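Every residue, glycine among them, receives a Cβ derived from its backbone with ideal geometry; neighbour counts consider all protein chains shown. Each answer follows from the model by the rule given with it, or from the source it names; nothing here is a laboratory result.
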Ligand SMILES: *[C@@H]1O[C@H](CO[C@H]2O[C@@H](C)[C@@H](O)[C@@H](O)[C@@H]2O)[C@@H](O[C@@H]2O[C@H](CO)[C@@H](O[C@@H]3O[C@H](CO[C@H]4O[C@H](CO)[C@@H](O)[C@H](O)[C@@H]4O[C@@H]4O[C@H](CO)[C@@H](O[C@@H]5O[C@H](CO)[C@H](O)[C@H](O)[C@H]5O)[C@H](O)[C@H]4NC(C)=O)[C@@H](O)[C@H](O[C@H]4O[C@H](CO)[C@@H](O)[C@H](O)[C@@H]4O[C@@H]4O[C@H](CO)[C@@H](O)[C@H](O)[C@H]4NC(C)=O)[C@@H]3O)[C@H](O)[C@H]2NC(C)=O)[C@H](O)[C@H]1NC(C)=O
Ligand SMILES: *[C@@H]1O[C@H](CO[C@H]2O[C@@H](C)[C@@H](O)[C@@H](O)[C@@H]2O)[C@@H](O[C@@H]2O[C@H](CO)[C@@H](O[C@@H]3O[C@H](CO[C@H]4O[C@H](CO)[C@@H](O)[C@H](O)[C@@H]4O[C@@H]4O[C@H](CO)[C@@H](O[C@@H]5O[C@H](CO)[C@H](O)[C@H](O)[C@H]5O)[C@H](O)[C@H]4NC(C)=O)[C@@H](O)[C@H](O[C@H]4O[C@H](CO)[C@@H](O)[C@H](O)[C@@H]4O[C@@H]4O[C@H](CO)[C@@H](O)[C@H](O)[C@H]4NC(C)=O)[C@@H]3O)[C@H](O)[C@H]2NC(C)=O)[C@H](O)[C@H]1NC(C)=O
Ligand SMILES: [Zn+2]
Ligand SMILES: [Zn+2]
Ligand SMILES: [Zn+2]
Ligand SMILES: [Zn+2]
Ligand SMILES: [Zn+2]
Ligand SMILES: [Zn+2]
Ligand SMILES: [Zn+2]
Ligand SMILES: [Zn+2]
């Protein structure tokens, strides 16, 4: 003992696509083997909200409870900086334990997206790297994926975002393809999601030149 | 109470340059306000070693001691996977608390190093990105820097290493330069240090073409 509260954000990309339902999740742990009532109260910017889905408590293998409250936030609200208080009242807590969360703050910056060919040097090999530079973005929440005519591409990795000398973020995502696919003339396209982009999406294509 | 031991590695690049003196550092904390004797014993692969520099204990502002033992390791030994035991004997510890450390294990893989020009698209701007791809390396310990004819370059950032789909590591380092420097014909050079490279160094240059 005693109770600890953790409040978790939605996934970046559930926030970046209107077609998705982003949730903030409120988790309470160390609720006593003994005193098991827990109340949740939830607020958006101060106004109390009554829509959260609270689950029946689950007993952990360490003789302690754990209770969860999911609130669904609106695409517009989250992106618009609204603040989300989860307030947790136990009879084991002398003051309700509270926690607030919102999207990452700071002026939004729209990423520049660049696609880069394989070096003269890589062209020896039986596989090549296609490179997606994404720079000057802010905040760091981002999703990056590759696709080729319709279906997406397996063999890609993306770096975490890195903080740049101007307070902004950059990132590279590397697509690896069979050299035969690149020389054929197959179009490849790096798609980026970020809040600051129009409709939070853009896409840059790269082809054999 | 009671005592906790942390054993820290050298810096990657002190390990990658023969001209440098790499140290493993053994730190003991939570040594009691009361029982202040601490003994260190140190081993390389089992054989006890007698060369470590031990500092006089420093009292922390939380009413507790902290004592440090630095051992200097040899360039050859560290790279060669030797193991470094720091053994800590307090009278508050019913068994000596021990800790071992070595270089990251696994078969070494030599990085491929590629330099990449600015996209057709970036060339509009008054600053451009020069890109250094480093891929297929193992282990992840690496140092990457840019220089231009002699002195090094300020405005660069490098991503952390990322784990690739083949168990190896890649990384990109981005140099930003004034577009006037790039068009002049100024040579730029990405230098990489990694254990698997000949003499643990290589360097790839990039120029206006
Ligand atoms: C008794 O047992 C309890 C647990 O039961 C089991 O736990 C098992 C793992 C194992 O141990 C079993 O044997 C055991 O039976 C145990 O409870 C645990 O207590 C810990 C605290 O003591 C908690 O640790 C915290 O973890 C946080 C990270 O939590 C995520 O990651 C962990 C590790 O991987 C993971 O296990 C958790 O489940 C959790 O995962 C995330 O959960 C959320 C919500 O479900 C998801 O979010 C949603 O995802 C869904 C997916 O459908 C959907 O997409 C939604 O949209 C989205 O919202 C995540 O996706 C999900 N991810 C994963 C990977 O599953 C840490 O953040 C936290 O660190 C913070 O606090 C620490 C102090 O304790 C400290 O180290 C650190 O400083 C840090 O600080 C805070 O956080 C801020 C960071 O932003 C800081 O700014 C601040 O400093 C500070 N915040 C403030 C303001 O205070 C911490 O380590 C652990 O969660 C909890 N376990 C569970 C399962 O809840 C308990 O402790 C045991 N008791 C005893 C007596 O010891
Ligand atoms: C009383 O006060 C004590 C400290 O005094 C002051 O501390 C101040 C910061 C502040 O609090 C003051 O108010 C206070 O007065 C306090 O002591 C602290 O105890 C903590 C444990 O309870 C320790 O935390 C650990 O930290 C580790 C990281 O340590 C580095 O980073 C921290 C955070 O930045 C930094 O402060 C430390 O100084 C340390 O820095 C590094 O130090 C070494 C050696 O000096 C350097 O290495 C050398 O660099 C030199 C430079 O000249 C040269 O280049 C050499 O070649 C090179 O060797 C580093 O460069 C240097 N870096 C920096 C940034 O300075 C964490 O690793 C560790 O995490 C691990 O354990 C945790 C459990 O406690 C856990 O969270 C986690 O699971 C993790 O697990 C371990 O580690 C492995 C990771 O590889 C895992 O695999 C394993 O799970 C596990 N290992 C095993 C096998 O067990 C942990 O958090 C803290 O170091 C210590 N503070 C100091 C100053 O020593 C004390 O706790 C207080 N007591 C009470 C009653 O509370
Ligand atoms: Zn607030
Ligand atoms: Zn736009
Ligand atoms: Zn529109
Ligand atoms: Zn929107
Ligand atoms: Zn060992
Ligand atoms: Zn070689
Ligand atoms: Zn040689
Ligand atoms: Zn060497």
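For this structure, a couple of remarks:
- Of all residues making up region B:77-105, the number that are part of a loop (DSSP other than H, G, I, E, B) and surrounded by 13 or more Cβ atoms within 10 Å (Cβ to Cβ): 9
- Test: residue in region A:109-123 that is within 18 Å of residue A:6 (Cα to Cα) and free of Cβ contacts under 8 Å to residues at least 60 places away in the same chain: no
- Considering B:135, B:91, B:105, the condition of being closer than 30 Å to residue B:186 by Cα and away from ligand 6 (no atom under 16 Å from the Cβ) is satisfied by B:135 alone.
- Among the residues of region B:99-118, those that are within 15 Å of residue B:193 (Cβ to Cβ) and either more than 16 Å from ligand 8 (Cβ to nearest atom) or touching a helix residue (DSSP H, G or I) at 6+ places or on another chain (Cβ under 6 Å) (or both) comprise B:103, B:104.
- Qualifying residue in region B:63-76 (condition: closer than 30 Å to residue B:191 by Cα, outside the structural domain of residue B:140 (by CATH), in contact with a helix residue (DSSP H, G or I) (Cβ under 9 Å, 6 or more places away or on another chain) and in a loop (DSSP other than H, G, I, E, B)): yes
- If you go through region B:192-209 and keep only what is within 16 Å of ligand 10 (Cβ to nearest atom) and assigned to a strand (DSSP E or B), you end up with B:192, B:193, B:201, B:202.
Residues checked against (1) within 14 Å of another protein chain (Cβ to nearest Cβ); (2) within 16 Å of ligand 2 (Cβ to nearest atom):
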residue: B:39; (1), (2): no, no
residue: B:50; (1), (2): no, no
residue: B:53; (1), (2): no, yes
residue: B:75; (1), (2): no, yes
residue: B:88; (1), (2): no, yes
residue: B:97; (1), (2): no, yes
residue: B:100; (1), (2): no, yes
residue: B:117; (1), (2): yes, no
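- Region A:21-62: number of residues that are free of Cβ contacts under 8 Å to residues at least 40 places away in the same chain, surrounded by 16 or more Cβ atoms within 10 Å (Cβ to Cβ) and in a loop (DSSP other than H, G, I, E, B): 1
- Checking each residue in region B:156-186 for being under 19 Å from residue B:120 (Cα atoms) and surrounded by fewer than 18 Cβ atoms within 10 Å (Cβ to Cβ) picks out B:178, B:179, B:180, B:181, B:183, B:184, B:185, B:186.
- Of all residues in region B:157-191, those satisfying the criterion of being in a loop (DSSP other than H, G, I, E, B) and touching a strand residue (DSSP E or B) at 6+ places or on another chain (Cβ under 6 Å) are B:159, B:161, B:164, B:168, B:187.
- With respect to the conditions (1) touching a helix residue (DSSP H, G or I) at 6+ places or on another chain (Cβ under 7 Å); (2) part of a loop (DSSP other than H, G, I, E, B); (3) within 20 Å of residue A:135 (Cβ to Cβ), residue B:154 lacks only one, and its number is (1).
Residues checked against (1) within 28 Å of residue A:166 (Cβ to Cβ); (2) away from every other protein chain (no Cβ under 14 Å):
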| position | (1), (2) |
| --- | --- |
| B:106 | no, yes |
| B:111 | no, no |
| B:122 | yes, no |
| B:136 | no, no |
| B:152 | yes, yes |
| B:161 | yes, no |
| B:185 | yes, yes |
| B:191 | yes, yes |
| B:194 | no, yes |
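- Residue in region B:106-123 that is within 20 Å of the chain's Cα centre (by Cα), assigned to a strand (DSSP E or B) and under 22 Å from residue A:135 (Cβ atoms) present: yes
- In region A:1-34, the qualifying residues are those that are more than 9 Å from ligand 1 (Cβ to nearest atom) and over 30 Å from residue A:143 (Cα atoms), and the one that is nearest to the other protein chains (Cβ to nearest Cβ) is A:2.
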